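Participant: To start, I am sharing the structure in question, which I have written as structure tokens.
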2 protein chains.
Amino acid sequence: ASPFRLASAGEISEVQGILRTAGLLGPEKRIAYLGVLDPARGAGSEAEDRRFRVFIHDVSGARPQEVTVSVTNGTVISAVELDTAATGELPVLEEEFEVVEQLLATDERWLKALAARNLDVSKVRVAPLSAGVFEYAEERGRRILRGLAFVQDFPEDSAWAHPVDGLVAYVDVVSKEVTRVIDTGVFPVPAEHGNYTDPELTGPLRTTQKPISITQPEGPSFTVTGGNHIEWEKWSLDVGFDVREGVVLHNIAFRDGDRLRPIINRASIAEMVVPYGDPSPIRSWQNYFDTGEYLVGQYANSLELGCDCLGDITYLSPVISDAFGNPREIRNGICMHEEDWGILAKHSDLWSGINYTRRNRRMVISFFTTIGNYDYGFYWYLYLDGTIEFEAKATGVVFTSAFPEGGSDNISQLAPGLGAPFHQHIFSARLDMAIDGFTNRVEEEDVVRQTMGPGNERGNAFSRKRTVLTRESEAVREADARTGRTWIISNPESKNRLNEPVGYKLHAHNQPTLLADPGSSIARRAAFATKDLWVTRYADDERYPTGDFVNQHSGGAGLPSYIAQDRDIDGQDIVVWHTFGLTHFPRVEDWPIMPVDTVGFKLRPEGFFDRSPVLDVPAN
Amino acid sequence: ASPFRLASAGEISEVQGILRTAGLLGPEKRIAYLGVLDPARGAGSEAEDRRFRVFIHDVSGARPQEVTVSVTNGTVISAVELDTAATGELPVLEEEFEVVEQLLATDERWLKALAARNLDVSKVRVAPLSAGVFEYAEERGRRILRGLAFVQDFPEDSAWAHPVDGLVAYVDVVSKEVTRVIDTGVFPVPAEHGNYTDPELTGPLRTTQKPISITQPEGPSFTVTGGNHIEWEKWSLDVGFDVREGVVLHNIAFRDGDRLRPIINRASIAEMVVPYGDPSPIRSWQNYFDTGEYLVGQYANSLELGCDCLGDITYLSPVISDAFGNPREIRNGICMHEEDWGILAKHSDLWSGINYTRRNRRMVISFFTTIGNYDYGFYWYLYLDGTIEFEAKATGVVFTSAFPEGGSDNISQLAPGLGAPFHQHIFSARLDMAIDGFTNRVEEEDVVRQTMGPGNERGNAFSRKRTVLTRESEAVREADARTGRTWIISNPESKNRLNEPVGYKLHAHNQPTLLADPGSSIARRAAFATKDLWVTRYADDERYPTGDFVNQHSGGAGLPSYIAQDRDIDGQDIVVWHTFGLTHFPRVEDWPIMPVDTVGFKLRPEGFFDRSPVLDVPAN
Ligand SMILES: [Cu+2]
Ligand SMILES: [Cu+2]
Ligand SMILES: [Cu+2]
Ligand SMILES: [Cu+2]
Ligand code: NA
Ligand code: NA
């Protein structure tokens with residue numbers, strides 16, 4: 001009967017029922033976002049109140065609404081009109097992407113542009129992209145999409161191989177008009193196809209790969225009860241799914257003796273942004289917030305057996321709402337399995353004559369998403385030794401442009417005439433901490449070099465220091481790889497047997513953060529991305545590092561507004577936001593389809609246990 | 001008939017035969033080191049000359065000798081007496097480790113020390129450690145070992161749980177005398193056992209782990225011919241074994257079309273050092289060069305099936321020499337297998353309606369070694385997409401001391417009274433490059449942030465720069481994680497179809513380098529470890545970054561002496577030396593036996609191919 005259970009189809013149809021009965025979901029209305037709300041803090045001796053949050057867009061053009069519904073009581077808790085010029089446009093609706101190409105086809109400016117390049121409009125695809133906020137005043141309070149053109153020579157052709165550069169169009173998707181068509185000049189269309197299943201380009205496929213067979217004859221070592229509650233090798237959690245964040249982990253905890261010891265209350269990727277570094281006016285506005293503007297959860301792939309996920313796989317098929325409030329199942333959307341992970345520990349002792357080896361493994365929870373040309377895999381891992389890890393795998397087809405004759409400082413060449421603008425992929429993991437409970441504290445730990453002198457006469461000593469982050473005004477931190485900077489989340493009220501606060505250490509990869517100029521528009525909308533680590537005091541309305549409506553919203557929101565409250569985080573209910581990302585100067589090897597690249601982070605115990613927690617792992 | 005084949009037992013017994021016949025291996029002589037020499041450059045139309053290098057120690061105390069033998073011709077090429085006070089002591093002999101405890105047992109100073117602490121000498125193990133070079137003048141030209149005491153309460157007890165602090169002894173292992181016994185005061189002996197197979201400490205073992213079965217019903221996709229020549233998924237290499245470096249990879253190359261394209265001519269871990277950061281006079285001298293002083297190859301474990309190595313495993317059993325020149329097989333010393341590696345590439349395209357997924361895998365070549373309390377796994381990986389990776393896995397039992405009452409800035413507490421001095425594990429990978437051949441060049445690539453202004457009006461642009469390292473005086477480089485610094489090795493004379501030099505990019509982990517004071521003795525003996533990347537002009541006598549004899553040798557050797565020649569490295573036969581390491585503030589979870597921690601690096605293609613090299617991978 002768990003309150004962290006996944007949303008069922010019945011609950012979604014019931015939300016729809018409640019909204020209709022209340023006059024809130026007539027035939028002009030559309031769900032832009034629907035998701036279950038996490039139980040409120042405390043909520044112990046108190047039975048549940050399953051609530052759902054909904055953003056309801058109006059196609060006629062009236063003000064949209066934010067609505068909370070209790071499916072427990074069958075009621076609307078609250079409903080309020082939003083002012084989207086102040087607080088930001090709602091997520092882009094799936095039904096509005098189609099509109100961009102359709103409308104552009106009958107627009108004279110668009111056709112004149114296509115005709116100057118000798119292009120047939122029936123062969124010209126348009127990627128409909130999130131618009132952000134810049135110098136266009138007729139855009140504030142409006143839902144705009146920006147269209148970039150790509151030629152498809154035939155229905156099975158990869159249009160990404162044939163970008164139409166020097167051309168961008170802006171479209172208003174509510175009033176259904178083309179607001180602008182910008183043509184900076186004709187660029188030649190890159191001529192080679194990039195059809196990665198065509199034999200002319202692949203050559204004869206390899207016959208040298210012999211099968212690797214991964215099975216579990218007694219089935220998997222984890223259990224799933226209540227739909228989504230996992231127990232595995234002392235670990236305990238609930239796997240949730242939200243249409244925005246995708247897979248969310250709740251109540252991550254570790255069974256130490258007879259004690260269930262919390263570690264992380266909620267773990268999500270709460271934003272991901274892909275800023276482009278090409279100063280071309282055709283692309284200098286390109287910033288996909290895939291989580292915030294698109295809702296990456298809703299484009300989660302169906303994951304096929306012995307192919308996306310290998311081994312003994314347990315699937316979850318999370319349910320979401322479509323634009324009318326009918327439930328939609330995402331079949332096999334979440335993969336769950338365990339894999340071998342080499343050696344856990346090994347020592348061969350001369351003096352005892354005892355030889356000891358133990359195998360490691362990890363629990364994997366994963367989903368995959370597709371937006372346009374981009375494809376991302378999101379993987380959480382739990383290891384036997386208490387380590388928690390996240391990894392993002394980026395693949396898909398790189399976003400293209402023309403390659404300027406004379407070269408470029410901001411674009412690489414993939415094929416003759418074909419460019420790939422430089423860009424980053426930056427993630428924010430929101431980690432609502434609960435190291436042995438909610439009373440937590442972050443310290444920043446740096447290695448300390450010591451001078452040869454009195455007390456260190458051989459000049460070999462080195463040390464470490466820890467600086468407590470006491471208030472949110474001191475809790476916006478940058479990496480220092482050179483001094484091995486990490487951050488320890490500990491519980492000052494829960495000590496280990498050696499009388500030291502229990503903790504977990506966050507190990508970042510220390511990749512570059514947001515490169516854009518600090519005065520730029522993306523540095524303001526994505527302020528989280530300019531720093532590696534932020535710590536806030538928990539509040540229930542502080543969910544996203546960019547705020548609740550990213551679509552076409554400037555600064556004034558998210559992390560920088562949260563931390564300004566300068567609240568006490570020294571032995572309180574806190575939340576860690578770790579920025580981490582890939583910086584991509586695309587290479588020839590990324591074309592015509594990109595091999596996986598990865599980025600992530602991990603947390604390892606740090607005096608959390610009283611000794612190794614894997615002493616009781618058996619041989620074999 | 002390959003000249004990169006592993007040494008056979010017949011060849012080693014033949015080296016012994018040649019040395020005896022020449023009067024160089026009488027009954028007072030001992031092999032401290034024996035290894036096959038790599039073929040000389042050129043060596044194409046010229047048939048082979050299998051040569052072996054040998055260091056021959058004399059137990060009576062005469063000068064040791066360096067000898068090169070040709071087993072082809074059955075001759076001594078050269079033999080020369082060494083002056084070990086000038087050029088450094090030979091590697092420690094396995095037979096000399098035993099001597100330390102034996103001699104100390106009858107030494108009055110040692111027993112007086114043991115008697116003050118109420119300790120029975122029959123229960124006191126002594127770790128015999130490499131001595132380095134410090135303020136002791138009677139040590140230069142002498143082979144000294146330093147002994148630290150650990151109590152074993154019974155024959156199957158882990159003595160590491162009971163360090164005897166405040167006590168160190170120095171011993172001369174040729175003349176068989178105790179030169180010094182230093183007692184700084186009695187420290188209590190840590191009382192808890194750390195027996196990780198004892199049920200009282202483990203508790204009942206888990207029964208929750210269900211088997212994971214990894215098989216290959218058609219066998220593995222790689223072939224091994226000529227003992228050690230591997231072909232796998234376009235890759236080609238020879239797996240070598242040296243008693244010092246362990247597993248060495250020769251002729252790493254990639255089959256692109258009908259062309260065999262070299263990448264790395266030779267890849268090894270050419271040094272590894274573990275500097276201790278505790279200023280105690282009992283430990284401030286502790287610096288194990290496991291590769292240089294001990295020869296980690298000679299302590300390679302026998303790796304057992306379905307346990308150290310899982311799956312379809314092909315073993316190699318490399319042969320080495322014992323102290324008398326008899327061959328010794330290391331049975332199942334090298335594991336070779338292939339493993340699944342998740343998704344290689346995936347895109348689901350709306351416009352084409354084509355959905356595409358491909359699985360990745362990697363070839364693994366690995367060995368494991370044990371020195372005293374330390375156990376290390378050394379793993380090379382080749383991926384389908386042309387990426388090459390190394391990873392070191394550290395485990396074993398942490399080196400202990402007493403934990404000072406009043407705490408320590410240089411030691412953590414693992415159990416009541418038990419300390420673990422802070423230390424680092426630092427590796428040097430020597431990569432003799434051959435990117436499409438021997439004419440290579442290194443550039444350092446940093447991300448470039450750009451100011452918002454003319455030509456970048458939205459403030460979104462970013463770029464990259466590359467700086468060619470033209471001479472060895474400019475080729476000692478440090479990491480800059482913040483600017484995403486990497487190093488590209490390219491061939492200026494071999495261009496891809498887009499007319500850019502082919503290359504591979506080295507991606508470091510950017511962990512801290514040597515923390516010791518730059519004026520310290522370890523900063524001088526291990527000068528390589530103070531910088532992330534060094535590039536030298538290839539020479540055949542420049543093998544180790546510390547020089548040919550590390551045992552008790554000061555500066556004046558290795559990398560800093562190599563680079564001073566200031567040779568041209570811009571489009572020449574070059575060698576990259578990448579320093580990378582772990583900095584360890586030991587945690588409670590590392591006791592009583594440490595879970596694996598890892599560190600490494602990788603190289604990925606960078607315009608090496610004309611497009612993705614995995615286009616011809618089949619579905620499934
Ligand atoms: Cu085409
Ligand atoms: Cu990218
Ligand atoms: Cu004991
Ligand atoms: Cu260590
Ligand atoms: Na919290
Ligand atoms: Na070279």
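Within each chain, counting starts at residue 1; across the structure tokens, chains are named A, B, ... in the order shown, with ligands numbered 1 upward in that order.
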Might you pull out every residue within 10 Å of range 118-131 of chain B, with only C-alpha atoms counted and same-chain residues fewer than 3 positions away left off, and present them as a PyMOL selection string?

Facilitator: (chain A and resi 351) or (chain B and resi 91-92+96-102+104-106+110-115+134+139+143-155+159-160+162-164+168-171+189+285-290+293-294+372-373+550-553)

Participant: Please identify every residue of chain B that has at least one atom no farther than 9 Å from an atom of ligand 4, counting only C-alpha atoms and all ligand atoms, and for each give the shortest atom pair and the distance in Å to one decimal, arranged by chain then increasing number, as CSV.

Facilitator:
```
residue,atom,partner,partner_atom_place_in_ligand_line,distance
B:274,CA,ligand 4,1 (Cu),8.0
B:374,CA,ligand 4,1 (Cu),8.4
B:394,CA,ligand 4,1 (Cu),7.1
B:395,CA,ligand 4,1 (Cu),7.8
B:397,CA,ligand 4,1 (Cu),8.9
B:398,CA,ligand 4,1 (Cu),6.4
B:399,CA,ligand 4,1 (Cu),8.0
B:422,CA,ligand 4,1 (Cu),7.7
B:423,CA,ligand 4,1 (Cu),6.1
B:424,CA,ligand 4,1 (Cu),6.2
B:425,CA,ligand 4,1 (Cu),6.3
B:582,CA,ligand 4,1 (Cu),7.3
B:583,CA,ligand 4,1 (Cu),7.1
B:584,CA,ligand 4,1 (Cu),4.8
B:585,CA,ligand 4,1 (Cu),7.6
B:586,CA,ligand 4,1 (Cu),6.8
B:594,CA,ligand 4,1 (Cu),8.8
B:597,CA,ligand 4,1 (Cu),8.6
```

Participant: Pull the alpha helix (DSSP H) assignments for range 49-288 of chain B out of DSSP run on the backbone, and list those residues as a ChimeraX atom specification.

Facilitator: /B:84-87,94-104,108-116,199-202

Participant: Between A:500, A:66, A:436, A:541, which has the minimum distance to chain B (counting only C-alpha atoms)?

Facilitator: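 That would be A:500, the residue with the smallest distance to chain B.
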
Participant: In terms of the shortest atom-to-atom distance over only C-alpha atoms, which of A:9, A:350, A:508, A:388 is closest to residue 371 in chain B?

Facilitator: A:350

Participant: Around ligand 6, which protein and nucleic acid residues have at least one atom no more than 7 Å from it, if we count only C-alpha atoms and all ligand atoms? List them as a PDB file with N, CA, C and O atoms, in the first residue's frame.

Facilitator:
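So part36.pdb came out as:
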```pdb
ATOM      1  N   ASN B 265      52.909   1.534 -30.422  1.00  0.00           N
ATOM      2  CA  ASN B 265      53.971   0.549 -30.510  1.00  0.00           C
ATOM      3  C   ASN B 265      54.247  -0.257 -29.203  1.00  0.00           C
ATOM      4  O   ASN B 265      54.534  -1.459 -29.249  1.00  0.00           O
ATOM      5  N   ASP B 432      54.808   4.443 -25.861  1.00  0.00           N
ATOM      6  CA  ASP B 432      55.550   4.599 -27.108  1.00  0.00           C
ATOM      7  C   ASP B 432      54.576   4.650 -28.294  1.00  0.00           C
ATOM      8  O   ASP B 432      54.099   3.624 -28.785  1.00  0.00           O
ATOM      9  N   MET B 433      54.287   5.868 -28.731  1.00  0.00           N
ATOM     10  CA  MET B 433      53.239   6.147 -29.715  1.00  0.00           C
ATOM     11  C   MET B 433      53.642   5.767 -31.116  1.00  0.00           C
ATOM     12  O   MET B 433      54.806   5.741 -31.452  1.00  0.00           O
ATOM     13  N   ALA B 434      52.654   5.465 -31.937  1.00  0.00           N
ATOM     14  CA  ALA B 434      52.902   5.228 -33.339  1.00  0.00           C
ATOM     15  C   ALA B 434      51.607   5.442 -34.104  1.00  0.00           C
ATOM     16  O   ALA B 434      51.172   4.574 -34.868  1.00  0.00           O
ATOM     17  N   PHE B 438      55.432   6.244 -37.008  1.00  0.00           N
ATOM     18  CA  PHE B 438      56.314   6.721 -35.950  1.00  0.00           C
ATOM     19  C   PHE B 438      56.454   8.240 -35.912  1.00  0.00           C
ATOM     20  O   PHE B 438      56.934   8.813 -34.904  1.00  0.00           O
ATOM     21  N   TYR B 538      62.010   9.082 -28.491  1.00  0.00           N
ATOM     22  CA  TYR B 538      62.249   7.681 -28.234  1.00  0.00           C
ATOM     23  C   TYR B 538      63.728   7.435 -28.199  1.00  0.00           C
ATOM     24  O   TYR B 538      64.445   7.930 -29.059  1.00  0.00           O
ATOM     25  N   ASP B 573      59.669  10.207 -33.562  1.00  0.00           N
ATOM     26  CA  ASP B 573      59.398   8.997 -32.850  1.00  0.00           C
ATOM     27  C   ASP B 573      59.396   9.338 -31.356  1.00  0.00           C
ATOM     28  O   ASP B 573      60.440   9.515 -30.720  1.00  0.00           O
ATOM     29  N   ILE B 574      58.196   9.460 -30.814  1.00  0.00           N
ATOM     30  CA  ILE B 574      58.012   9.961 -29.472  1.00  0.00           C
ATOM     31  C   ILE B 574      57.342   8.971 -28.518  1.00  0.00           C
ATOM     32  O   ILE B 574      56.721   7.972 -28.951  1.00  0.00           O
ATOM     33  N   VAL B 575      57.469   9.295 -27.222  1.00  0.00           N
ATOM     34  CA  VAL B 575      56.975   8.502 -26.116  1.00  0.00           C
ATOM     35  C   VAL B 575      56.268   9.431 -25.097  1.00  0.00           C
ATOM     36  O   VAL B 575      56.828  10.433 -24.683  1.00  0.00           O
TER      37      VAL B 575
END
```
